[PDB]
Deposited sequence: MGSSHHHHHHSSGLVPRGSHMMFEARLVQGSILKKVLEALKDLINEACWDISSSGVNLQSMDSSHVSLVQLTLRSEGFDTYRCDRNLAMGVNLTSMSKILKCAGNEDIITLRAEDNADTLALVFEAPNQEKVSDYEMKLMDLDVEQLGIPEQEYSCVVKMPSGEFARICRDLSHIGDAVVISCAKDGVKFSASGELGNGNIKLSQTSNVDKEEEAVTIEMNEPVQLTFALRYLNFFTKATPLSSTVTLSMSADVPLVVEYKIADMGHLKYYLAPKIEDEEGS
């Protein structure tokens, strides 16, 4: 039997809003350490890696490890039926082919109860080579969202250039070029930009895919980009006090 209770229901709503369009179907690896998802996008280019640690749940109890195949688009629609301040509880038996989802209200006079059919999936977990990185920019998620959206109307590709003073995002297409430049900051609040830099890095990335990652933006005030040459970029969102949601993306070659 599996039964994880989560008081911040919104966390789960937000995660599935991020992923549903990027990935159609995925295998939710449950264990006593918690919930994990790892999958490539429909078009096999970006890797996604969710970690919800069991510590982070109010109540958690998994006995056997599960490998629940889920249509995320389906799971998303059901999470719409939860309010943002609802307490959510997931639950499952081994020889049932159904994840159950229970939404308790904050007024506490309403209780929703859904049952989501699962599916059988053909999933490998790839090796994410756990690394140290040349550059690691930590900045506001809203700002990075802005930068990625704005440059989409200039070009298809962004060149991230990382140095000690700051980071630069650049793009080129049919109507000109553009050049966004952020510097390190602060003594002011958590709208702060910071860099832990070992070597300079310059890498080109697909803006189409980065704009898919930024659907995660409402999880976290801040976002960490980690880079090194000839290895994937890691856009990371802390699901604070619980885990993270990481998008991996390889740069372009020439």
_As a test: can you identify every run of the deposited sequence that has no C-alpha position in this structure, in order?_
1-21, 209-210, 278-282
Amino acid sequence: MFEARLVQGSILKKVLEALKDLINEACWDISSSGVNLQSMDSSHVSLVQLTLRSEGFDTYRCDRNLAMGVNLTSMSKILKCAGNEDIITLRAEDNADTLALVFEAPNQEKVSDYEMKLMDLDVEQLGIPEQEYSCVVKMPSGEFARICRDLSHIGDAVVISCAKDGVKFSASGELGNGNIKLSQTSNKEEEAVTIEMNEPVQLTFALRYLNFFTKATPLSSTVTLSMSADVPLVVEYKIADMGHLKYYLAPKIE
From here on, numbers count along this sequence of modelled residues.
*Comparing 168-176 with 94-102, the one whose average Cα B-factor in the PDB entry is higher*: 94-102
*Identify the stretch, either 103-111 or 81-89, whose C-alpha atoms have the larger mean B-factor according to the entry.*
103-111
*Going by the deposited entry, which of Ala163, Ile154, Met75, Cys148 has the highest CA temperature factor?*
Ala163
_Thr222, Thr204, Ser43, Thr51, ranked by C-alpha B-factor: the highest one_ = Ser43
*Which third of the chain holds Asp241 when residues are ordered by C-alpha B factor: lowest, middle or highest?*
highest
*Select lowest, middle or highest to describe the third in which the CA B-factor of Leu12 falls within its chain in this entry.*
middle
*Using the B-factors in the PDB entry, rank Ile128's C-alpha atom against the chain and give the third, lowest, middle or highest.*
highest
*Would the CA B-factor of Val235 place it in the lowest, middle or highest third of its chain?*
lowest
*With respect to C-alpha B-factor, does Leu37 fall in the lowest, middle or highest third of the chain as deposited?*
lowest
